[PDB]
């Protein structure tokens, strides 16, 4: 026997999921744990230093991380970076320099994204003034600081365009940014007001369709933004609640708390009863499955204290995540079926993502 390295992940890409473990108790040693969702096998990891963020390249070939280093961790010079890692070898390839203002925060999907065409990484900055950063992946360069996004928060890419995305702004509307060939801002537009910031604040997490996004509110209302056209069209609210739900004060709760199954128009939302001011981040008592076309609830199942989810369209799967454990659900039918639970996938994770297959 002789000890060898140089190995690739042992399971096919189609089985891979990525649990972003913040390790909040020791946040300088965050990491991405890679699991096989079919059998719960731990496949490998990527270290991400202080409060790492992660996504997988649209093409499935690379892992992208965003993190912060200091020469002596707690002292010395700051370096904010994106890193490119080989998806199969889980090895470091390239560092891309960022200005020292990348968002430091919990791992909402919307703080670290990419364009549909995969050419640009799009990230949230806070200095604490907010801007959005564009990184040319090919060139390995930061190319554009979108300061026009000041007062807005989060990146919602538009799956129907190569290099466009939206952000949610403090006026209750959406700002669309359209990138040119070079990653600089070509054009932009602001929608009308979708929601009342003061009266019906929304969760930033979108239930994202190919040319529309739906959002849930603190009080259980649903808002939509349509971007099939040239300019974004906004609507809502409609309520997730029936009369019995209202009397029990059911409201949404969580972080990455929604998902859309696109083929069916089913929206998945984490919910809990006895909602009131300050419960918006409570674990799920239940997962509700809403028909977005009929605006009716078509199923409700135990939430297993979950906080974040993600959906795989082609395999008809939802993952939920309670902070340490990952639950896999078959969502091919209106009622989801629990297939398994991966215990101890992370210590403090609020984000799980599938490896892309299509």
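Positions refer to the first chain, counted from 1.
Engineer: Mind pulling up the entry and telling me whether 226 to 234 or 89 to 97 has the higher mean Cα temperature factor?
Structural biologist: Looking at the record's C-alpha B-factors, the answer is 226 to 234.
Engineer: Highest mean C-alpha temperature factor of the two stretches 204 to 212 and 277 to 285, which is it?
Structural biologist: The entry gives the higher C-alpha B-factor average to 204 to 212.
Engineer: Just grab whichever of 243, 83, 109, 80 has the top CA B-factor as deposited.
Structural biologist: Answer, based on the entry's C-alpha B-factors: 243.
Engineer: Select one of 254, 105, 118, 170: the residue whose C-alpha shows the highest B-factor in the crystal structure entry.
Structural biologist: Of the candidates given, the C-alpha B-factor peaks at 118.
Engineer: Taking the chain's C-alpha temperature factors as the reference, tell me which third residue 47 falls into: lowest, middle or highest.
Structural biologist: For residue 47, the deposited C-alpha B-factor lands in the lowest third.
Engineer: Comparing residue 26 with the other modelled residues of its chain, is its CA B-factor in the lowest, middle or highest third?
Structural biologist: It falls in the bottom third of the chain.
Engineer: Pull the Cα B-factor of residue 341 out of the PDB entry and bin it into the chain's lowest, middle or highest third.
Structural biologist: Residue 341: CA B-factor falls in the middle third of its chain.
Engineer: Using the B-factors in the PDB entry, rank residue 60's C-alpha atom against the chain and give the third, lowest, middle or highest.
Structural biologist: Tercile = highest for this residue's CA B-factor.
Engineer: Tell me, lowest, middle or highest third: where does the Cα B factor of residue 174 rank within its chain?
Structural biologist: Its C-alpha B-factor, which the entry lists for residue 174, ranks in the lowest third among residues of this chain.
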